[PDB]
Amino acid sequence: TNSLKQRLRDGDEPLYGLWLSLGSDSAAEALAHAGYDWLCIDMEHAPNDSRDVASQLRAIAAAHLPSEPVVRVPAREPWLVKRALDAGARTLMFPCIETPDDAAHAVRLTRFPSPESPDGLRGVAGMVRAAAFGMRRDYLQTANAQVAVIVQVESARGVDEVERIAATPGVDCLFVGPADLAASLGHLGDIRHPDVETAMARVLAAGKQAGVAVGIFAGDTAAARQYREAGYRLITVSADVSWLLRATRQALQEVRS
């Protein structure tokens, strides 16, 4: 029972996340006590390889609390997706989804072939972490239903195709990364440029009209509340390293003042 997937598909309340960039088992376990709905282990812009991902998923699970792990893969390469699923990640985020075919392919990589999903490309291996090392031979009958797919729309081409992307069966969430979108649209460093705001609004309306959840990365709490008020549901409230630096610098300023 992938509860994050259930809430994305069947809820209307926001789901608050933290980005995990530090690659620290202790930081992941500590933050599994922070009360967030989800936590993202980034492989794309943080140096988390397969063993780091399995270690951090273990550290989160060890807290025995409700936060759902998400893994952002570095790319839509079959072997990389295979590693994250085998490690036990049940919600994956794919960067640079530009076309409906990119999105369909991402979804196929997460699906065991079934009548449910005819053309699936997910590989079978019964001794991996995800199959409790062989102790759930029932694994293969349920897994397809519990794997969530989040696609990142971060380019002009992807925004133009976003309605087709959102209509792809198996796309559970569209995710907006404002800084990459802004750069890609010719507006490096300026996420509130009207071209960028127009593109983000279009992703949000497309999700709403397709009945597909929309997520977004927020750099701070003020922006996160704006995105909530606007209708985004999967809201990242910035990142571990960013909070660590803000908080320790603020404390120092206070003592010195």
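The first residue of the sequence shown is number 1, and the count goes up from there.
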May I ask you to compare 55 to 63 and 214 to 222 by their mean CA B factor in the entry and name the higher one?
214 to 222
Tell me which stretch has the larger mean Cα B-factor in this entry, 196 to 204 or 34 to 42.
196 to 204
Looking at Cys173, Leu121, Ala106, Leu85, which has the highest CA B-factor as recorded?
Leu121
Looking at the entry's B-factor column for C-alpha atoms only, identify whether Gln152 ranks in the lowest, middle or highest third of its chain.
middle
Third of the chain, ranked by Cα B-factor, where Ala166 sits:
highest
Relative to the other modelled residues in the chain, which third contains the C-alpha temperature factor of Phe94: lowest, middle or highest?
lowest
In terms of the chain's CA B-factor thirds, is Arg249 lowest, middle or highest?
lowest
Splitting the chain's C-alpha B-factors into thirds, which one does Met135 fall into?
highest
